[PDB]
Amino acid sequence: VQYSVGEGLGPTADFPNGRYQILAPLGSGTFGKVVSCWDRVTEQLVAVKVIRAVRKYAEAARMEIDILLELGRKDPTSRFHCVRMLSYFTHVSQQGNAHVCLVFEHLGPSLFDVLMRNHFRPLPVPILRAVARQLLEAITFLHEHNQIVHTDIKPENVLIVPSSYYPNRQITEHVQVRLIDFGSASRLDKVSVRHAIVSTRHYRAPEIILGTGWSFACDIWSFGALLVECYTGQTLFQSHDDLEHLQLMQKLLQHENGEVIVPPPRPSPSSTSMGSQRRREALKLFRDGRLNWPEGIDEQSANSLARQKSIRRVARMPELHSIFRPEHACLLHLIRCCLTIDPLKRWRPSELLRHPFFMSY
């Protein structure tokens, strides 16, 4: 439903027109819309995330509510940089539509907002380091103190604490950030390996595409991607095709020791599991163990313009080592610890927090 500035949300006795009054738009996503609100009870600014009137996003929102209850219980000050959820309710519409609403602390713009406002110019390395350290602290918190995996590490889900922000709208190395959006997170304390399609495309780890089971390590891959983005201001993997995405991965890391896209083990024909179906769809992308690129881009067409554009796009993809200037060699190594095709090779976030890129500063 379309919402305008001035309308209310969450009606109570003292405020029959809504406890939370809309002041400004804050953000949007497939889940719904996040709106800046004035809490008529506490007379403070809050951020109300309203979920779309769909069942799947409602389940996701309830999972986010549960996880954020646990996270606010185990860290109320938010020493580990996770967004504080103040409240949650259900707003009914004039048409009978029920929307889940989560009330969070009011934060500033996203890291994506920062990158856009500066015309996608590369983020300086010291600010990059501050943000990466705090984000890595949050990921360490989740993974190792809660056995929770986020799966949606993206620049849109890292927000600036407004106290660090300034009216000149230029962040410094003292910026404070918070990780948000736990509507896709999963607890791995009982089942640590999953096979469902998760992660935003551009930050999706290869094991998720290939079907060899993902776990905590996938977040690290996303983290790595994000870092490269912050170094260049540009999205690393710009593709929505699985074959092209895996080829871009292979190209970015071709001259990295031991990084080759390998197909999953072929399951039995009498296997109906979600993982086996993903593995079959993934094997459909390979020919004799090699990634069917570029001939697989347009199989039927012998002379295709889409295949030629895919060839050009993969050629434009740089080798990882060539992206970074020499003086930033350390950062390169840090990202090598994250952008590995085998999830078993990626470092733990606690180990990454002890990398020279951080503890030599």
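Note that residue numbering begins at 1 and tracks the sequence as displayed.
For the pair 296-304 and 40-48, the record assigns the higher mean C-alpha temperature factor to 296-304. As the entry records it, the average C-alpha temperature factor is higher for 90-98, out of 109-117 and 90-98. The entry lists C-alpha B-factors for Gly183, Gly258, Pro264, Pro155, and the highest of these is at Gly258.
The PDB entry assigns the greatest CA B-factor among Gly224, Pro269, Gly213, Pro206 to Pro269. When the CA B factors of the chain's modelled residues are split into thirds, the value for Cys218 lands in the lowest one. Among all modelled residues in this chain, the alpha-carbon of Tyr165 has a temperature factor (C-alpha) in the highest third.
The deposited CA B-factor of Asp189 belongs to the middle third of values across its chain. Annotation for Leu353: CA B-factor lies in the middle third of the chain's modelled residues. Per-chain ranking of the deposited C-alpha B factor places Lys74 in the highest third.
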